[PDB]
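With ideal geometry, Cβ positions are generated from the backbone for all residues, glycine too; neighbour counts draw on all protein chains shown. The numbers here are math on the coordinates, done by the rules we state, and not lab data.
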Amino acid sequence: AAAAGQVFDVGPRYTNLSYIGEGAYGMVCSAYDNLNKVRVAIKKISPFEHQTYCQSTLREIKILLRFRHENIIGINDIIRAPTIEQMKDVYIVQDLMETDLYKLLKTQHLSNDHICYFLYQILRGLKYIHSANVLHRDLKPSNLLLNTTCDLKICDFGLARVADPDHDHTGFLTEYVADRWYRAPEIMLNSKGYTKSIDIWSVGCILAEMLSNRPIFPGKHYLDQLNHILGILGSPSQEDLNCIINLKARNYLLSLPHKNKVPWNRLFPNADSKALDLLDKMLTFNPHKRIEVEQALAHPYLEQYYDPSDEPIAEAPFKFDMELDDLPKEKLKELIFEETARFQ
Ligand SMILES: Nc1ncnc2c1ncn2[C@@H]1O[C@H](COP(=O)(O)OP(=O)(O)NP(=O)(O)O)[C@@H](O)[C@H]1O
């Protein structure tokens with residue numbers, strides 16, 4: 001059993017392992033694919049102890065196996081034991097991507113052309129995801145992979161859900177998992193994040209972060225996240241408040257001192273004015289007024305790339321809720337076993 005740091009048993013076919021990160025349920029290595037003669041990425045996942053780990057792992061696998069898109073990371077192979085009894089770990093083999101936008105923004109200035117092309121690819125992948133009735137719900141720079149030729153692939157569908165706008169409403173201050181800094185204001189107010197508009201907010205946050213190499217709304221906690229948003233957008237309008245019927249959320253917003261909108265050109269004086277027009281439309285407080293993915297693709301900022309015939313949609317949308325919250329981990333291990341069978 002070949003070792004890294006732990007068992008990383010991808011054995012004969014996958015060799016010359018190099019540690020390139022850790023994280024959720026396992027650890028990530030690069031490896032030489034002795035069959036296909038390319039370096040690949042391998043994610044070891046060890047989730048079968050914890051129901052919640054098994055949910056995230058089954059979601060990621062089910063979604064990434066169904067999706068086929070140039071801007072979404074695919075699964076090339078899956079390594080696991082031939083029996084459920086022997087299966088402790090699952091190895092997911094993917095295209096090796098040189099970096100992610102998080103690592104890139106820590107150290108590199110992006111040209112206006114790079115910002116434009118990266119946003120185009122994010123929205124092109126997102127159009128496919130949304131067309132499949134799926135919400136990503138955790139878009140952030142670390143979940144956007146890039147290779148040496150600036151090809152961008154969305155990854156990490158662990159928090160992804162089938163869209164359910166009918167059942168989106170909830171109380172004030174309802175608990176949430178996805179990264180605070182990329183959470184739409186309605187999450188803190190009255191939304192479960194079951195509508196496509198929560199992904200467009202996250203893209204808007206990522207566009208702002210590409211324009212300055214700093215998170216635009218770096219809240220330290222839940223209400224601080226809302227003060228950061230309202231610090232730039234200003235106090236919500238009467239019309240936007242009238243949309244918030246939940247009294248705890250409405251009265252919280254009414255309690256706050258009046259704030260005027262800060263103009264995007266003050267925050268980003270060297271930005272392309274078309275980029276700031278699109279940023280404004282993505283970071284709209286009211287999710288009903290917020291631009292949709294297909295409208296963002298058609299925005300003048302993206303006119304060099306925009307080609308709706310080359311912006312494919314999903315053949316096989318997820319019609320129905322993935323009924324995973326109440327499956328015991330033993331059922332979820334069986335589903336993961338069945339979902340991975342095609343690679344044996
Ligand atoms: N296909 C890939 N190619 C290269 N590096 C990758 C790839 N997928 C993930 N990584 C990196 O491996 C490290 C750990 O992976 P991680 O950031 O956890 O990826 P993820 O797919 O978003 N999964 P996770 O965050 O654990 O739910 C990070 O430095 C990632 O950027």
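Here are a few things to note about the model shown:
- The alpha carbon gyration tensor of the stretch 187-323 gives principal lengths a ≥ b ≥ c with a/c of 1.5 or higher and a/b no greater than b/c, which makes the shape oblate.
- Per the Kirkwood formula applied to alpha carbons, the stretch 99-310 shows a radius of gyration over Rh ratio, Rg over Rh, of 0.94.
- Judged by the ratio a/c of the largest to the smallest principal axis of the C-alpha gyration tensor, the stretch 128-246 counts as oblate, that ratio being 1.5 or greater while a/b is no larger than b/c.
- Relative contact order (percent, whole number), the stretch 99-310, Cα cutoff 8 Å, 6+ residue spacing: 22
- Given charges at beta-carbon only (K, R positive; D, E negative), |dipole| of the stretch 99-310 in Debye: 660
- Each of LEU35 and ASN213 was given a label point 7 Å from its Cα along the Cα-to-Cβ line. The distance between the two points is 4.1 nm.
- Cβ-based charge dipole, the chain, positive-most Cα from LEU65, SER202, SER237: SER237
- Per-residue Cβ neighbour rank within 10 angstrom, fewest leading, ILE187, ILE78, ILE313, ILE129: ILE313, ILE78, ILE187, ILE129
- Between the beta carbons of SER46 and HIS288, assuming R0 = 35 Å, the FRET efficiency works out to 0.25 to the nearest 0.05.
- The alpha carbon centroids of the stretch 251-295 and the stretch 305-325 are separated by 27 Å.
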